[PDB]
Amino acid sequence: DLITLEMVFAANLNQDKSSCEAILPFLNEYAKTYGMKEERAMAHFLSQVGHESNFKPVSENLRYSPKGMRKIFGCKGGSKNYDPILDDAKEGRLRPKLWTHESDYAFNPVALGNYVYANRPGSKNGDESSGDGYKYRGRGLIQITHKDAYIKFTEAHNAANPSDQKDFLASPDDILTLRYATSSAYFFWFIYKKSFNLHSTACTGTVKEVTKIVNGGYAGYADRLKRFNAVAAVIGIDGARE
């Protein structure tokens, strides 16, 4: 194989061996069909996937308390503008129904997701009554979210795996299976972020630079680097100081 159990276990910080064993065949199947051949890129991929997911598929949790949903989804400019003391937005309520229609959205993942992800720019989600917001919530290993990602994953997975045609608009929960969570990770890597040259950057770049593309930021940077070096060691590749 291109990916051994020891690489996956190392990317998983030597935890949950059986989760690593369960996902190993899909990891190898889709590295072949999507074209993961380069070893330094693979070490970045395993370390980024391991940090995001620990190789277990995850679905976004949209069950929030009243204050919790206001903090994360209610304020213009995001949570940085939540005033905990006032339970209010510092620079304007972006989603005012989280205040006036509190009981409709708190602890109601379907209603909340349909409201807070409605009409998101670039996302192809329709309005609150379309059901797009909850339906295309985050799923996978590196989570993909919103209608646009599920369109693009459908086309990308079918292009790379023509003998296993799927429709993740019709069946979005399949991304919670190990098989299509793994396919979606490779789609993220090679297709979804192609315009940022994620794969190229992993080939000759830095953990920090890979992290910037994957995360849109530097969240969990130190842990992603720790995982990469552990993978580099098992492979025989130079580690990374950055």
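Residues numbered from 1 in each chain as written, not as in the entry; some residues may be left out. Heavy atoms only, no water.

Method of structure determination, per the deposited record: X-ray crystallography was used for this entry, reaching 2.270 Å resolution.

Per the PDB entry, the chain is named EF-hand domain-containing protein, and its organism is Aeromonas dhakensis.

Student: Mind showing me how you'd approach the overall build of the chain here?
Tutor: The secondary structure content of the chain amounts to 13 helices and four strands. Scaling as 2.2 N^0.38, a compact globule of 242 residues should have a C-alpha radius of gyration of about 18 Å, and the chain matches this with 19 Å. Dimensions of the chain, computed from C-alpha atoms along their principal axes, come out at roughly 60 × 40 × 35 Å. Within the chain, the proportion of its 242 residues that are buried is 49%. A separation of at least 24 residues holds for 56% of the contacts in the chain among residues at least 6 apart in sequence. Surface accessibility of the chain: about 11,300 Å² in total, with carbon and sulfur atoms responsible for 50%. (Helix = DSSP H or I, 4+ residues; strand = E, 2+ residues; numbered from the N terminus. Rg over C-alpha atoms; globule rule 2.2 N^0.38 Å. Buried < 20%, exposed > 50% of the residue type's maximum accessible area, 1.4 Å probe, protein only. Contact = heavy atoms within 4.5 Å. Areas by Shrake-Rupley, 256 points an atom, 1.4 Å probe, with all protein chains shown as cover.)

Student: Help me understand the domain arrangement of the chain, please; the structure alone is not making it clear to me.
Tutor: Many analyses report the size of an interface as the accessible area lost when the parts associate. When the domains of the chain are assigned, the result is domain 1 (5-59 + 141-235) and domain 2 (66-135). The distance between the C-alpha centroids of domain 1 and domain 2 comes to 29 Å. Together domain 1 and domain 2 conceal approximately 620 Å² of surface at their shared face, both sides included; 55% is due to carbon and sulfur atoms. Sorting the residues of domain 1 by area buried against domain 2 places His146, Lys147 and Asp148 first, and these three jointly supply 67% of that buried surface. Across the contact surface, domain 1 and domain 2 share one salt bridge. Across the pair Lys124 and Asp148 runs a salt bridge, and its minimum N-O distance is 2.8 Å. For the interface between domain 1 and domain 2, the tally reads six residue pairs in polar contact. When the residues that make up the side of domain 1 that touches domain 2 are grouped by side-chain class, the tally is three nonpolar, one polar and three charged. (Domains from an automatic or database assignment. Buried area = accessible area lost by both parts, 1.4 Å probe. Salt bridge = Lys/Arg side-chain N within 4 Å of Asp/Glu carboxyl O. Polar contact = N/O pair within 3.5 Å; in protein donor to acceptor, adjacent residues only side chain to side chain. Nonpolar A, V, L, I, M, F, W, Y, C, P; charged D, E, K, R; others polar.)

Student: Just checking my understanding: could you explain unusual backbone geometry for this structure?
Tutor: Residues apart from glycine generally show negative phi values, whereas peptide bonds are mostly found in trans. Although it is not a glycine, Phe55 adopts a positive phi angle of roughly 65 degrees. Mapped onto the fold, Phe55 is located in the loop between α3 (39-53) and β1 (58-59). Take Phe55: its relative accessible area is 1%, and that puts it in the buried class. In this structure, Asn197 is a non-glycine residue whose phi angle is positive, near 55 degrees. When you line up the elements, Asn197 lands in the loop between α10 (178-192) and α11 (198-204). Its relative accessible area of 45% is what places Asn197 among the partly exposed residues.

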